[PDB]
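Participant: experimental structure below, sequence on top.
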Amino acid sequence: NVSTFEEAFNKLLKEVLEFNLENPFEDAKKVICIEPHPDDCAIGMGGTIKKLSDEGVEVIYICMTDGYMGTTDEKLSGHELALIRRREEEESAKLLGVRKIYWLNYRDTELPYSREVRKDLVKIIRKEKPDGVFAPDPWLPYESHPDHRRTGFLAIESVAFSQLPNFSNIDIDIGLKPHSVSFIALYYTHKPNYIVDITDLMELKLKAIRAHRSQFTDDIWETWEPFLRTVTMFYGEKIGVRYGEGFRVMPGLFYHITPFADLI
Amino acid sequence: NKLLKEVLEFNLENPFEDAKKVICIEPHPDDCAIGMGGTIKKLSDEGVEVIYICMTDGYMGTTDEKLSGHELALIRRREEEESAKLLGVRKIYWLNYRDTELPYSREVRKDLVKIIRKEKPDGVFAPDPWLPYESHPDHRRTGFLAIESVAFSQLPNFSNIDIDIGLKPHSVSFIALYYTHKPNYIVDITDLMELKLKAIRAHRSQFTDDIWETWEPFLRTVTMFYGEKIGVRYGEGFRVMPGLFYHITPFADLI
Amino acid sequence: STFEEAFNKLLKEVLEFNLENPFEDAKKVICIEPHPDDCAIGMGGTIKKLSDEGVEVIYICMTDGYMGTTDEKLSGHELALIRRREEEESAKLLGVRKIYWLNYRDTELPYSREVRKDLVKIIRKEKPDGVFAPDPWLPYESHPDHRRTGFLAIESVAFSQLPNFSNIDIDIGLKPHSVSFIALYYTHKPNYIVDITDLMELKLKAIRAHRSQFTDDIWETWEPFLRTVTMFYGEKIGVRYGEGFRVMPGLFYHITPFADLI
Amino acid sequence: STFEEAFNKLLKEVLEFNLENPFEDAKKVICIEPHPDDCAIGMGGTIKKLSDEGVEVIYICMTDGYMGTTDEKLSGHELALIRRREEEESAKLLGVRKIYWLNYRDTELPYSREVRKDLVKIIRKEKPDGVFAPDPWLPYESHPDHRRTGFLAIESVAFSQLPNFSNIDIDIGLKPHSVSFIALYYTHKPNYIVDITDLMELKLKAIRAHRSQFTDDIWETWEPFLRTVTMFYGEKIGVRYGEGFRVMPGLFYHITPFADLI
Amino acid sequence: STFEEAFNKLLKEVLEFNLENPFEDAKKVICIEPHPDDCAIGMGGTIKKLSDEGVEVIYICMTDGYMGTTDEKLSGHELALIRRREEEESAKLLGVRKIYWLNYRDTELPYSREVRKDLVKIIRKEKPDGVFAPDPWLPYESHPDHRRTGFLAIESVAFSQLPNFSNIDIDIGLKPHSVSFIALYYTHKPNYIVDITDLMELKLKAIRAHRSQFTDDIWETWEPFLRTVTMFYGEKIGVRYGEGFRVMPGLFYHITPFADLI
Amino acid sequence: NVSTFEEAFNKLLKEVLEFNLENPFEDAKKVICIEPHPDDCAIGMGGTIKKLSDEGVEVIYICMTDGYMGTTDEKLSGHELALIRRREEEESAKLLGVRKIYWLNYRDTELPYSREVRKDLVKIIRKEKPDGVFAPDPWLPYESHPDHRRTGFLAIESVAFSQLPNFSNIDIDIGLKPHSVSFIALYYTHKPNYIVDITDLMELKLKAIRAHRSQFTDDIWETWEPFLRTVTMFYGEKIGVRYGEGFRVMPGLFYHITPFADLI
Ligand SMILES: [Zn+2]
Ligand SMILES: [Zn+2]
Ligand SMILES: [Zn+2]
Ligand SMILES: [Zn+2]
Ligand SMILES: [Zn+2]
Ligand SMILES: [Zn+2]
C-alpha cells in the first residue's frame, strides 16, 4: 500500500495527526508564555503576545528566575536589581495585555535542571489549564546561557509530564488533576516553521522591551535596536513582510524518537 | 580515506558477524523493541546472545490514575519478559532508577561498567543522544551514559573496586546507536515486521488499540524512512562509528 | 532595508568585530584545557606563534588526567604526576610558563556554579584580552569533561563582567574584567584559520611530552589521525598544515537565530 | 531577680505552655512516618486515643518501603505495592482514613527543599492543628530516612507559615498554616506520656498487619522488643504499657542554650 | 600513672591551654553568622567589648534573610534588602565596619566544599586570629542554616591551613592562614563566659535594629528570652549578665573521646 | 509477661536477643576495618589489629579516602601525597598483619554521603562476606571531620544494607549475594562498652602510627604522642590497665528506634 516513506509521511500528518500550521493558535482560549528571565517574553515574542492580547486570549507568564545578575553597577545589589525587575515586567505586561505572572524566583545563572523545578511548572499547568505553552527552543545553536537551555527543556518536559498522574502525585490529592496542553510553541528558534506578521505592532514591542530600563541603557540600546530589527526581519523574510516573530510547532510525537522530525 | 580504510579499518558493510555477545541498552521497558526489535530477532535467530539492560522501571508510563506507579513497573516488567522471549533475548538487567528520574552521573556509569565487565560483550546498543529534538532526558542520558560507560570500562582506574573483585577491564568491538537520525548502515526488517509489532504490542500497558491505532502509522513510517535508504519497505537503522570518532574528530559526520 | 544589508551593518558598523587577524589587540590570553595536553593536540601550533609575537599565553587545566591509562598497576595518582610534569614538558616548548591546575578528577568534572566561580577567579585575576576553549557544540563529542569545559569557559567569561557573580571576589580586591574575544578550538566549524606548517614540527614533539598518553605502540594510530585534522583545516585557506578556530562577537552567544551564518 | 526565676516566668506566663494536656484542643492531626509501619510502631496506640474522639488523623508516608525484605524472590516494586495494602489495612484498624504517599524510595529519602515543599504543601491544605514526627535527635538512630523525616517535619512546620517559601502555593489558593504543637515520637526524651494498656493487643494487631516486616520467625524477636519499648515509656507515669512524646515551645526549637531543661 | 594526671599535663604543658584568658591577643577577628542579626542576639555584647580594645571585628553573613516574614505583601528580594540595611545600623553601634555577604538565600545555605571554598577564601585574606561561629552541636537547634554554619566554620578554619585545599587561593598569592582560636556562641556547654551587665542595653538596641523581624507586638515574647539567655550565662561566674562560649584546643575537635570533659 | 521494665530489659538482652559483651571478637576469622583517611585504622585501632593477626583473623582495610589533603607543605601537591600515603599505610599495615587494603579513592575531605558510597561498601561486604566490621562512632561529641562522621554512618548503613537483596541489585545479578555481618564495632567512640588490653602492644602500635611519616614530623610527634597515650590511658581506667582501646558494640536492633540504646 504505502508506496514510499513520503507517501506515508504526508498521511501520518494530515490523516493521523491533524497537523496544521496556517492557524495553530486560533482556538487558543488561554496560553502561558514561559521565559527564563524577566524580559524574555518581551524580546522573544512581545508582538505575538499583544496580538494574542488584542484577540482577547488570556496570556499568563511564568518567569523562571529573578534576573538577579543583569547589572555592571558595582553598587546595585542583585536583591533589589530583582525588585527593580519585577516592577519592569509588571510594566511590560500591562502594555501587552499580559495580566498574570507566576514568579519561580530561582536566582539568575542558577536555574537548576531538576525534578523540583519540573514540579513547579507541572503544578502551574494543571492549575491554569493552559491551551498552549510558549517556551524558548533549547536546541538553538550556540546558545550559551544555561538558563535559556534548561528553561525550554523543562518547559517541554514539564508539558509532556503534566498529563502524568503519578508525576508530582501530591498535586492529584489536593484538587489539581492532570491536564493535556494542546500545543507547544518554541519562540527564540533558528528553525521557525510558522511566522506571525508583526510589521505593525513592531513599535509597541520596543516600548515593552525598553520598559526594562535596568536592562536597557540608551548606550547599550545603540547595539540592540540595530540588533532586534535584524532578528525580526529574518523571520519576516520567510513570509515576505517587514517584521516577523518565529515559532516552532511540531506534533507531540516528533518530540520523542522521531528521526525525520527535522523535515517540518 | 587512508584512515577509514587503512588505519582504523572499519566497514559499513556488515559489523555484526564477529559478535557472539551483545548488550542492548534501553531507557524504558520497550525501547529495545521499538528501536530495534527486528535486528534483535535477527541476531537471536543467527545464534547471538542478546542481553538487555533496562535503565528504568517505567513507573511513569500511564494516564490511568487508578494505577499506581509501583504496580506499573511490575506489570511492565512482565510485559517486557513477554516481549523479550518474543525476540530471543535471554537475560535482562534492571537498573531500576525511577522513570523520568534517570540521573546523569558516575554512580549510574559505575553500574553499566559493572555489567560490561561481566558479560564482556562485543557490541552494545543504545539511543543516539544527539538525536535532534529528543525531549526526554531519560533518553538523552541513556545514550551518553552508554557511550561513556563503554569507553570507560577499559580504564582500570574507573570504578577501581570492580577489578579487586574479579571483573576485569573489557574492550567492546562496536557501539550501535538505534533511534538515530544519521544511520550509516541499515538492516532489512521486511522479513520480520509483523512479529516486531506483536513484540511491541506485548507492552499492553503502553499500547491500547486506541493508542496503538495512532502509533501504528508512526512505527511503520519510521522503519520506511530507514528502509528506503537501502531498497526495502521496512528497515531498522543504526549509527555505527566505534573508535576514535566518538572523541575529538572534526570530520566525524562525513561517515 | 533588506535582511542582508541590516546584517552587514550590524557587524561592520554596529559591532565592528575583526575576522582577518582578531589576535591584533592580543597581549594576554588563556587557553582552557579539559585534560593536560588538550591545548597541545588542538591549539599548540597556534600557541608558539603567540608566545613569539608578545602574548603571555596562560593555561587553565580543568582536570588532572587521573584516568588516562590502561596499565592496571599504574595508580591514578601516579598517573596524575606523570601528566603534570609531562605537561610542563610542553607548557614551555610553546612559550607558556603559568598553568593553573583546577585539580578535579578526570571523568568527574562538575558542571556547577562551583567550577564557574573558579574560572571567574582566574579571569578576574589576569583580566585576559581573550580566552580559548573547546567548542562544546563539536558534533559527537562523547567525553563529558570536554563538553563541560567548553560550556563553562563561555559562561564564566560572560559572567566575570557581572559584579554579583561571585560577590566575594569583588569585596576582596578582584574586580570585574570584560574579556575582549573568545575562541573555540577543537571545532568542525572554523571561520578564521591560522598558518602552522612551519611550527608543525614543534607540535609533533609537544604532543609527545605527554608520552604516557602518547606511547610508541599507539602513536601508529594517532599520527595519521593527527595529520588528517591539520590537513582538514590548512588546505581550506592555502598551506598543507593549518589550524582553524571559531570566534564570535559576544552577542551571538545569546539569543541569536542567525549565529551559524559565520 | 535570678535565672531560676526568669525561667518559670516564661513557660506558664509568656508561652501558656501546658504539658498536662497538649492533645486537648486538637481537631486534626498529621502523622508523618518514614515507612509504612512507623506510625503504627511508635505512634500506634495514641492514634486510636485521638481518632475516635473526633480528631481526624492523616498519615504522610515519606517512603514506599521498597527495601524491607530479605527475600531473593521479592522485587522492591512488588513489596512497595504489598505494603500499600498492609498500610491500608493497618490504618482502618486504628481509624485513620487519609494517607498521602510521597513515594520517595526506601533508603533514598532526599534531604532537600524539594522534600520540604511537599510536606509543606500537604500541611497547608489539610490545615492540621498538630504534627507528629520522629525525634531526629534520638541517640544511635542509624536509618537516614528516620533522621531526615524528623528534621524535615520540624522544618516544614516552621516554614508552612512563610509566604515567600514555596510561593506557588499561595498563587494557587493554599495560604500559610501555623501548627499549634509539634510532638515527636520515637523519642527518649519525652515530657508527656500516653497510657495505652487496653489498646496494646490492638496496636500489636495493627503493627502485625504488616505481614512483610513481621513474619512469625521475626515475631519472636520483635514482640519482646515491641513490648520492652512500650514498657520503657509507661513505667514513668506509673502505668504498665505506655507511649512517649516530646513536646516543646515553638521558641525552644531555635537558639536555646537551656531548651534541654524540659 | 593515672588518667586525670594525663588529662592535665597534656592541657598545660603540651597544649598550653587555659580557660583563663583567650581573647588577649585580638587585633583581628571574624564573627560568622547564619542570618543577618545573628552575631547580635547571642553575641552582640562581647563584640562591642571587643571594638573597645581596638580589635577589628568583621562580619560574614551566610544568608540574605530572604524568608523572615509572615506578610504575603513583603517580598523576599525586598525583605532581603530591608535586612542588608538593618545590620549596618546595628554593626555601627558596635564598631563593626566590614560585612561580607555570601548571599545564600535564607533556608538554603548549602553544606558543601563550595561554601567552604568561600569562608576559606575570606579567611586566607583577612588573615585573622579569631573566628566565631554557632555551636553546631547545640541541642534541639532546628535551623539548617544554623547547624551548617558551625560545621562549615570549624571545617573552614582547620581548612585554611592547607595549600591543597582550594589551591587557586594560593596561585593568586593568598596563602595558608592558621587561626589562633575558635569561639562557639549559641552553646549549651560554654566554658568561658563574658560580662555584659552594663552592655545589655546597647544589646537590645543592636538587636532592635532588626525591626522587620522585631515589630513591637512579637517583641513581647522575645523580651523575656533575650534577657533570660544572658542570665543562663550569668549565674555561672557572678556578674548579672553573660555571653557564653565553648573554646577548645584545635585538637579536641577531632577524635577526642574526652572533649566533653572540658 | 514479667513486671518491671528492668526485668524486660534483661530478659530481652540475655534470653531474647542473646547478646553479651565478654569477648565478642572471639569467633572471628575475617574482619574489615574501615577508615576515613589512610592512618585512621592505625591510630584508633592499631593494637586490636595486631592482636587479631596474632590469633589468625584475616584483617582487611577499606580506606574511604586517599589523604589528598594531609600536608602544610606549600610546595607539596595532593596527588603525590596520595601516592606517598599509599606506601606509608602499606608499610604500617604490614607491621600489624594487614594483607588487603581497599582504596575507595574519594578525595580526602570530599567524601560523599550518598547511595553511591553505600553501594561501594555493600559491594565489598557481600564479597568478602566478613563476620566483623569496624568503623568510627559517628555520634562522637565534637567530631568535626565530615569524613569521620560520614564514614561511620555509611558504615552502619552499609552493614545493614548488605542483607537487603533489593539494595544494589546488580551485585546479586553477578554473583555477589546478600551478606549478614555478625557484629559492628565502633572505634573512636566515647561510650565504649568493651576494651581490649594493648599495654604490651602499645609500643608497636606507635611504630605503626608513626609509620605515616608525612603526617608526623618530629615537630608534630612532640604533641601527638602525649595525646595518643592520653587517649589510650582514658580507656585504661575502665578495665584497670595502663593502656586501653575502646569499642562500642550494641545489638543490631539498637541502631534503630531504641529510646534506651543509651543504656548498654
Ligand atoms: Zn534571558
Ligand atoms: Zn522510552
Ligand atoms: Zn581530553
Ligand atoms: Zn521505618
Ligand atoms: Zn538566624
Ligand atoms: Zn582521619
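Facilitator: All right, it came through fine. Numbers count the residues shown, from 1 in each chain, chains lettered A, B, ... in the order given. Ligands and ions are numbered 1, 2, ... in the order given.

Participant: which residues touch the residue in chain A positioned nearest to ligand 3?
Facilitator: Going by Cβ to the ion, ligand 3 is nearest to residue A:144 of chain A, at 20.9 Å. (Each C-beta comes from the backbone N, C-alpha and C, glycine too.) When contacts are counted by Cβ atoms under 8 Å, 6 or more residues apart in numbering or on different chains, residue A:144 touches C:151, C:154, C:155, C:158, C:253, C:254.

Participant: including secondary structure, could the residues you listed go into a markdown table?
Facilitator: Shown next, in a markdown table, are these (DSSP: H, G, I helix; E, B strand; the rest coil):
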| residue | secondary structure |
| --- | --- |
| C:151 | helix |
| C:154 | helix |
| C:155 | helix |
| C:158 | helix |
| C:253 | coil |
| C:254 | coil |
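
Participant: among these, which one sits closest to chain E?
Facilitator: residue C:155 (16.2 Å; Cβ to the nearest Cβ).

Participant: return the residues of the stretch 101-250 of chain A in contact with ligand 2.
Facilitator: Residues of the stretch 101-250 of chain A lying near ligand 2 by Cβ under 5 Å from the ion: none.

Participant: name the residue of the stretch 101-250 of chain A that lies nearest to chain D.
Facilitator: For the stretch 101-250 of chain A, Cβ to the nearest Cβ, closest residue to chain D: residue A:116, 3.9 Å.

Participant: excluding chain neighbours, what is closest to that residue?
Facilitator: Nearest residue to residue A:116 in three dimensions, chain neighbours excluded: residue D:114, at 3.9 Å (Cβ to Cβ, 6 or more residues apart in numbering or on different chains).

Participant: could you check the angle helix A:115-127 makes with the helix or strand in which that neighbour is found?
Facilitator: Element membership for residue D:114 (DSSP states H and E) is helix D:113-125. Comparing the axes of helix D:113-125 and helix A:115-127 via axes from the mean of the first three to the mean of the last three Cα atoms, to 10 degrees yields an angle of 40 degrees.

Participant: pull the number of nearby residues for the residue in chain A positioned nearest to chain F.
Facilitator: The minimum distance from chain A to chain F, using Cβ to the nearest Cβ, falls at residue A:114 (15.7 Å). Neighbourhood size, residue A:114 [other Cβ atoms under 10 Å in any protein chain shown]: 13.

Participant: what backbone torsions are found at the residue of chain A closest to ligand 3?
Facilitator: Backbone geometry at residue A:144, expressed as degrees, to the nearest 10, gives phi -110, psi 0.

Participant: surely residue A:99 and residue A:59 touch.
Facilitator: Yes. Applying Cβ atoms under 8 Å, one finds residue A:99 in contact with residue A:59, separated by 7.4 Å.

Participant: and the two? which has more neighbours close in?
Facilitator: Legend: neighbour count by other Cβ under 10 Å for residue A:99 and residue A:59, higher for residue A:59 (25 against 12).

Participant: so how far is stretch A:229-243 from its chain's centroid?
Facilitator: Counting by Cα atoms, centre = their mean, to the nearest Å, stretch A:229-243 is centred 19 Å from the centre of its parent chain.

Participant: okay, now that stretch: how far is its last residue from its first?
Facilitator: With Cα to Cα, to the nearest Å as the measure, stretch A:229-243 spans 8 Å from end to end.

Participant: ok, residues contacting that stretch?
Facilitator: Counting by Cβ under 8 Å, 6+ apart, A:47, A:192, A:195, A:197-199, A:202, A:244-246, C:2-3, C:6-7, C:10, C:256-258 sit against stretch A:229-243.

Participant: rerun at 6 Å
Facilitator: Stretch A:229-243 is contacted from outside by A:195, A:197-199, A:202, A:244-246, C:3, C:6-7, C:10, C:258, using Cβ atoms under 6 Å, 6 or more residues apart in numbering or on different chains.

Participant: can you pull the buried residues of that stretch?
Facilitator: For stretch A:229-243, a neighbour-count test (16 or more other Cβ atoms under 10 Å in any protein chain shown) marks A:229, A:230, A:231, A:232, A:233, A:234, A:235, A:236, A:241, A:243 as buried.

Participant: report the two of those residues separated the most.
Facilitator: By the measure Cβ to Cβ, A:230 and A:241 form the most distant pair in the buried residues of stretch A:229-243, at 15.0 Å.

Participant: so is stretch A:25-41 next to ligand 1?
Facilitator: Yes. Judged by Cβ under 5 Å from the ion, stretch A:25-41 comes into contact with ligand 1 at A:36, A:37, A:40.

Participant: among those residues, who's most crowded?
Facilitator: That'd be residue A:36 among the residues of stretch A:25-41 next to ligand 1, by other Cβ under 10 Å, with 31 neighbours.

Participant: isn't it up against residue A:64?
Facilitator: Yes. Proximity of residue A:36 to residue A:64 meets the contact threshold set by Cβ atoms under 6 Å, at 4.8 Å.

Participant: joint contacts of these two?
Facilitator: residue A:151.

Participant: okay, now the residue of the stretch 1-150 of chain A found nearest ligand 4: neighbour count?
Facilitator: For the stretch 1-150 of chain A and ligand 4, the shortest gap (Cβ to the ion) falls at residue A:115, measuring 23.8 Å. Other residues near residue A:115 number 20, with proximity taken as other Cβ under 10 Å.
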